[PDB]
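> just the starting chains for now, same placement as in the complex:
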Amino acid sequence: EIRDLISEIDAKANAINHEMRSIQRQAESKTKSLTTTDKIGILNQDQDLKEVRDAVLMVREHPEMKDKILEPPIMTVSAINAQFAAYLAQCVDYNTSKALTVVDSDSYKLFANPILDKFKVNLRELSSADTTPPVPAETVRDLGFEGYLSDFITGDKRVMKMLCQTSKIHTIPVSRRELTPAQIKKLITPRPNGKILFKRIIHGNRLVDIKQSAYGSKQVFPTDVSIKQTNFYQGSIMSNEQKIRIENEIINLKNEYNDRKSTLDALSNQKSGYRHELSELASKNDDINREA
């Protein structure tokens, strides 16, 4: 019975070891409601991002590259909410989102070749280009926008400056509300100087690219694109209700499984106690036999 109990409690403790493993996982999941603790895991989602992960690991391994080559915007930049994350992912091209940022031209000459020879990754050099917004943020609020896309994102200032130069996020006004057709018509109409105020605007779930023809009568034409939801650039992972709709539902089914497992192993603990009681009663009977 003792060796059977040894196997029973070893199996109970093995089930408890699996149960404790599940506890670690669910505890990590609940505390992972906020931005991912490590972003090296975001690069494990796609085969194209594994080479970017290996290049980031090489940059982390070489101390000389740490301040000269910066990690990609998908890891270093986070939007204040999930909706601004969708706006950022629609405005920044995927290759720029996964590109390493080189701080200066000398760093490009010294460290671009060793990375490009080993990994097929995109590099973006920081330029001296001015990143001033086309109008003050008060005038943007008067036009019905909450602010520029640059105002609703946080991250390394150098990587944000690179995104401002390549994707012009500091020039894109953003409103979570849809603008009225009269407001949109005022924004598309060129000013008396012939220039449109904003080339790209975001309102509600739509990104409007206002293009003025470089040729002919300089006709202005808008192009409207529905904004897709994204799990990348997401400082707020799947918003809050949406995160609960997926994560909470699935993780809590797994958590009820975990509770069942723990209670089954606690019942195995009760059975060990019953085997212990029976073993203690048998030991008492053995003591009575020894007295006899």
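Arrived safely, thanks for sending. Residues are numbered from 1 along each chain as shown, chains lettered A, B, ... in the order given.
> measure residue A:84 to residue A:70 for me?
21 Å (CB to CB, to the nearest Å). For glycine as for every other residue, the C-beta is placed from the backbone atoms N, C-alpha and C.
> over to residue A:185?
41 Å.
> who has more neighbours out of these two?
residue A:70 (24 against 11; other CB atoms under 10 Å).
> near the closest residue to residue A:213 other than its chain neighbours, how many other residues are there?
Leaving aside its sequence neighbours, residue A:213 sits nearest to residue A:219 (CB to CB, 6 or more residues apart in numbering; 4.9 Å). By other CB under 10 Å, 9 other residues sit near residue A:219.
> next: the one 10 residues further on.
The burial count assigned to residue A:229 is 15, neighbours taken as other CB under 10 Å.
> contact partners for it?
Applying CB atoms under 8 Å, 6 or more residues apart in numbering, one finds that residue A:229 lies in contact with A:82, A:86.
> and what about residue A:90, helix, strand or coil?
helix (DSSP: H, G, I helix; E, B strand; the rest coil).
> quick one: it from residue A:201, how far?
In terms of CB to CB, residue A:90 sits 12 Å off from residue A:201.
> how about residue A:226?
Here the criterion is CB to CB. By it, residue A:226 lies 14 Å from residue A:201.
> now residue A:116
Residue A:116 is 36 Å from residue A:201, where distance means CB to CB.
> compare the two (neighbour count), which wins?
Between residue A:116 and residue A:201, residue A:201 has the larger neighbour count (other CB under 10 Å), namely 28 against 13.
> show me where the stretch 51-200 of chain A has strands.
With DSSP state E, counting those that start in this stretch as the criterion, the stretch 51-200 of chain A has strands at A:69-70, A:77-79, A:100-102, A:123-125, A:147-148, A:153-155, A:173-175, A:200-203.
> counting by contacts, list what the fourth one packs against.
Yep, that's strand A:123-125 we're talking about. Other helices and strands packing on strand A:123-125, by 3 or more CB pairs under 8 Å, 6 or more residues apart in numbering; DSSP states H and E, are strand A:100-102, helix A:105-118.
> returning to that earlier point: what do residue A:90 and residue A:201 both touch?
Common neighbours of residue A:90 and residue A:201 are listed as residue A:207 (criterion: CB under 8 Å, 6+ apart).
> can I assume residue A:51 is in contact with residue A:115?
No - if you go by CB atoms under 8 Å, residue A:51 and residue A:115 don't touch, sitting 10.3 Å apart.
> okay, now the spatially closest residue to residue A:110 that is not a sequence neighbour: neighbour count?
Leaving aside its sequence neighbours, residue A:110 sits nearest to residue A:68 (CB to CB, 6+ apart; 7.5 Å). Neighbour count for residue A:68, taken as other CB under 10 Å: 17.
> show me what counts as buried in stretch A:68-87.
Neighbour-count burial for stretch A:68-87 flags A:68-79, A:82-87 (criterion: 16 or more other CB atoms under 10 Å).
> what does stretch A:124-135 give?
Applying 16+ other CB under 10 Å to stretch A:124-135 flags A:124, A:126, A:131, A:133 as buried.
> could you dump the residues you listed into JSON lines with distance to residue A:292 added?
As requested, the buried residues of stretch A:124-135 are exported to JSON lines (distance: CB to CB, whole Å):
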{"residue": "A:124", "distance to residue A:292": "90"}
{"residue": "A:126", "distance to residue A:292": "92"}
{"residue": "A:131", "distance to residue A:292": "96"}
{"residue": "A:133", "distance to residue A:292": "98"}
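> give me the most central residue, chain A.
residue A:234 (4.1 Å; CA atoms, centre = their mean).
> does that residue touch residue A:78 like I think?
Yes - using CB under 8 Å, residue A:234 is in contact with residue A:78, at 7.3 Å.
> overlap in contacts of those two?
By CB under 8 Å, 6+ apart, the residues touching both residue A:234 and residue A:78 are A:35, A:85.
> re earlier: need the residues touching each of residue A:51 and residue A:115.
residue A:121.
> more crowded one of the two?
A direct count of neighbours by other CB under 10 Å for residue A:51 and residue A:115 places residue A:115 higher, at 19 against 15.
> ok, now chain B:
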Amino acid sequence: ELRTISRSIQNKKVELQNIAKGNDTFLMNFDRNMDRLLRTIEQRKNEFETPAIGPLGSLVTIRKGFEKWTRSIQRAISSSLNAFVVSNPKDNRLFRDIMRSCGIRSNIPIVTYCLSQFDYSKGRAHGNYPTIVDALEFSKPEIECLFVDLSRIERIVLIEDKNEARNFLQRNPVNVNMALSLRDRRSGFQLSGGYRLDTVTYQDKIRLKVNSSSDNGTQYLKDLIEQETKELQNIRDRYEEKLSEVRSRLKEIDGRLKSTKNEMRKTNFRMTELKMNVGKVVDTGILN
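Chain B added:
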């Protein structure tokens, strides 16, 4: 993943059969309900001041000799290929209501533009390299002018070698905004300003007409589904060879577990021998 791959290959094969007509619909490259949307536009054409024109990729064909550039060109003009053109804001509202009634799920850009022919000769790239304009054939001259305005196709050059393309752009060639370079069948290079090099993955679905017979691509892709079954097997068994290595590690530790079980059973036999020895008859009474 590999199931999806072979299946998409086969559906593309049957879609080029639908270039003329058939079961799996060819326009499916833009949206599953695209055939329904176009029929509803034609049925309600009298309600439009100018009927909505699109999807633009259906009005553009790759010229013979530029077939190798199809995926690279499509990646460069991918925003424009899915677009529809409407002459005025009223037709734009009517078109959005028809899109809602037809159940379109794809994000379709709507361009409000008055189609006009204009001279863009001054804007053409100057060089020995062909542009996207030279690689394409347009159903109407106004559609060619629209791609010049929307995507500056007259300023995008096609250069096979990446270093040659970088060297050409570094010289600041007149009227060149970007160079497209080839890398492999799944990806290419987009170069702007001679310093920016972007590695771009090609989209699986083709949204440009190719003057090659559907059988060329589909049946060359029939031998290429032979090669894609090669892809499935390779990926699956490299992961399974990985699985085999790790499960051989598992069997090694199981034999170590079996060896520990044998040691434990021997210890159990030895403790059983000990308790057998404890309970043995004592022959010391005559000795005492």
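> please reconsider the neighbour count of residue A:219 now that chain B is part of the model.
15 (other CB atoms under 10 Å in any protein chain shown).
> hang on, isn't it packed against residue A:210?
No - counting by CB under 8 Å, residue A:210 is not a contact partner of residue A:219; they are 11.4 Å apart.
> name the residues contacting each of these two.
Shared contacts of residue A:219 and residue A:210, defined by CB atoms under 8 Å, 6 or more residues apart in numbering or on different chains, are absent.
> in the chain, spot the helix with the most residues.
This is for chain A. Determined from DSSP state H, the single longest helix within chain A is helix A:249-291.
> oops, I was thinking of chain B
Assigned via DSSP H, chain B shows its longest helix as helix B:214-278.
> those strands in chain B, which residues are they?
B:60-62, B:84-86, B:110-112, B:136-138, B:156-158, B:178-182, B:187-192, B:196-201, B:209-210 (DSSP state E).
> need the ones you listed in CSV with mean neighbour count and distance to residue A:275, can you?
Formatted as CSV, the strands of chain B follow (neighbours: other CB atoms under 10 Å in any protein chain shown; distance: least, CB to CB, whole Å):
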stretch, mean neighbour count, distance to residue A:275
strand B:60-62, 20, 78
strand B:84-86, 24, 75
strand B:110-112, 21, 74
strand B:136-138, 17, 81
strand B:156-158, 24, 79
strand B:178-182, 22, 72
strand B:187-192, 19, 64
strand B:196-201, 19, 61
strand B:209-210, 18, 76
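> show me which residues of the stretch 51-200 of chain B are close to chain A?
By the rule CB under 8 Å from any CB of the partner chain, the part of the stretch 51-200 of chain B lying against chain A is B:79, B:83, B:89, B:107, B:109-114, B:116, B:118, B:120, B:123, B:145, B:148-150, B:152, B:190, B:195-200.
> change it to 7 Å
B:83, B:107, B:109-114, B:116, B:118, B:120, B:123, B:148-150, B:195, B:197-200 (CB under 7 Å from any CB of the partner chain).
> I figured residue A:5 was touching residue A:271, is that so?
No - checked against CB atoms under 7 Å, the pair residue A:5 and residue A:271 is beyond contact range at 8.8 Å.
> in terms of neighbours, single out the busier of these two.
A side-by-side neighbour count of residue A:5 and residue A:271, using other CB under 10 Å, places residue A:5 first with 17 against 14.
> residues in contact with the residue lying closest to that one once chain neighbours are set aside?
Nearest non-adjacent residue to residue A:5, counting by CB to CB, 6 or more residues apart in numbering or on different chains: residue A:275, 4.6 Å away. With CB atoms under 7 Å, 6 or more residues apart in numbering or on different chains as the criterion, the residues that contact residue A:275 are A:1, A:5, A:8.
> related to what we said a few turns ago, with adjacent residues omitted, what lies nearest to the residue nearest to the centre of chain A?
Nearest residue to residue A:234, sequence neighbours excluded (CB to CB, 6+ apart): residue A:85, at 4.2 Å.
> okay, that neighbour and chain B: tell me how far apart.
17 Å (CB to the nearest CB, to the nearest Å).
> OK, contacts around that residue?
So residue A:85 contacts A:79, A:230, A:233, A:234, A:235, A:236 (CB under 7 Å, 6+ apart).
> again, only this time at 10 Å
A:77-79, A:152-153, A:229-239 (CB atoms under 10 Å, 6 or more residues apart in numbering or on different chains).
> now the helices for the stretch 1-150 of chain B?
B:2-17, B:34-43, B:70-76, B:78-81, B:89-102, B:132-135, B:141-151 (DSSP state H, counting those that start in this stretch).
> with distance to residue B:260 as new columns, can these be given to me in JSON lines?
Shown next, in JSON lines, are those (distance: least, CB to CB, whole Å):
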{"stretch": "helix B:2-17", "distance to residue B:260": "40"}
{"stretch": "helix B:34-43", "distance to residue B:260": "65"}
{"stretch": "helix B:70-76", "distance to residue B:260": "57"}
{"stretch": "helix B:78-81", "distance to residue B:260": "60"}
{"stretch": "helix B:89-102", "distance to residue B:260": "67"}
{"stretch": "helix B:132-135", "distance to residue B:260": "69"}
{"stretch": "helix B:141-151", "distance to residue B:260": "69"}
